[PDB]
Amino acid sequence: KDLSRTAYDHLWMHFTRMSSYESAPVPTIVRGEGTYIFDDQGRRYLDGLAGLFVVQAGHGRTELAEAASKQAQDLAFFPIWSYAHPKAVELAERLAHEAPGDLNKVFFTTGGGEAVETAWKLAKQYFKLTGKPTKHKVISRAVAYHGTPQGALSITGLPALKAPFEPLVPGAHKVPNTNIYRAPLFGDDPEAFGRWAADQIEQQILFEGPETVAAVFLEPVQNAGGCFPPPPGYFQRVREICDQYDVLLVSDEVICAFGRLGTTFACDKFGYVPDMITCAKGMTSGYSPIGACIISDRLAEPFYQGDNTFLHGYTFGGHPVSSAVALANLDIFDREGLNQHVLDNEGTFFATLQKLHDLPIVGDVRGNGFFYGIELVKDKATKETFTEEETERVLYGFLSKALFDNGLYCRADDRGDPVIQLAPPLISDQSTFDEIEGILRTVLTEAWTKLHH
């Protein structure tokens, strides 16, 4: 009314229908502690998304706050633009050490979209430097989100995010996602489904001509569309196809890295080695912006000869304070054994959510690690979806309001989506899982009453 008004008048929120706050206060979060956040009235919510798949270590970490002030006092900013500073160097070494294979070169960004832009640009120049100048196209999955700058947005697979802005950067082609719950083919045969879904990458390579294709971008577990884990055999086949056709595999780990799946790099959870990794989000548990494109030495080789230069960069990539905070965050990971904690508890988290399958609105519960989706349906036997009117009234309206009002934050850009996603802080335990399931049961029971069956 003062500050909800100030927000509506000046703060253009991201992925927000701003008219929603014409005659309703903007929900304003002011404090977090552990797994909880608090609004400007002191109401408490379980942070069911860890902010935005970010706050791995939990909120209120004095050690990360003090890491920031200690570094800012000493050197808050100097560019890594033909210069180094110690924390960037130390963090690049650490990330390289954790990364698989020969992924030893770290190109810092501030965000994930910036990292995706980096990976595509690097692929293009790599092929120019190695005598394959027509290699430029990229492949990614339907419904996947890979960011919003216009190159990343080409790789993105959500038409609603793209249609207002087209034309974008040429060369981005789509293949099916691995949502077996709605598979057009082989939904009853996970291994065949995985082989089919991977083989569609080969088909698109052949369609466009392999000498024109540079890269394939895949999340370990796809977020947008509603949390799709990989089918059996999928990544091994993708790697084989990329090898065969001289195409680079980019693991887009902006969500999945830094323990979300119980490993530092999520490609290790599924046993594949990509050519590049994009990451951001949980590198600092969100405490200071930073991301990276981590790159195979094989790719870097030509750029490190003679007068060659990757004429690319970001003012704030590799920022001293962010780098210090990332290192302190990884120290928390190591000291508290957060990656192992996630591996040791993924089974019970999944089982706790799966209890919701006895509700008539719940069609599917799926995920991996500390990352799950609960897909809502109008009828479980037919997997019937919602009408446009039901989506507005029951999902955007009733469901999203009810989850928040009953103490569970888990809706941001996806308020109108029929899948509820969860990605709480990695310090979450059985008590957290129980609190989540209990609120979901209450709210999903009520949601069913809002549907005309």
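Throughout, we count residues from 1 along the sequence that is shown.
Mean CA temperature factor is higher for 20 to 28 when stretches 429 to 437 and 20 to 28 are set side by side in the entry.
Note on 216 to 224 vs 371 to 379: mean CA B-factor is higher in 371 to 379. Between the residues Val55, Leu403, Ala65, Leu422, the entry's highest C-alpha temperature factor is the one at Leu403. Which of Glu253, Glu166, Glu114, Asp275 has the largest Cα B-factor in the deposited entry comes down to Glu166. Sort the chain's modelled residues by C-alpha temperature factor and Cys293 lands in the lowest third, per the entry. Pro100 sits in the highest third of its chain by CA B factor, as recorded in the PDB entry.
In the deposited entry, the Cα temperature factor of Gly151 places it in the lowest third of its chain's modelled residues. Ranked by C-alpha B-factor against the other modelled residues of its chain, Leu343 falls in the middle third. The PDB entry assigns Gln73 a C-alpha temperature factor belonging to the highest third of its chain's modelled residues.
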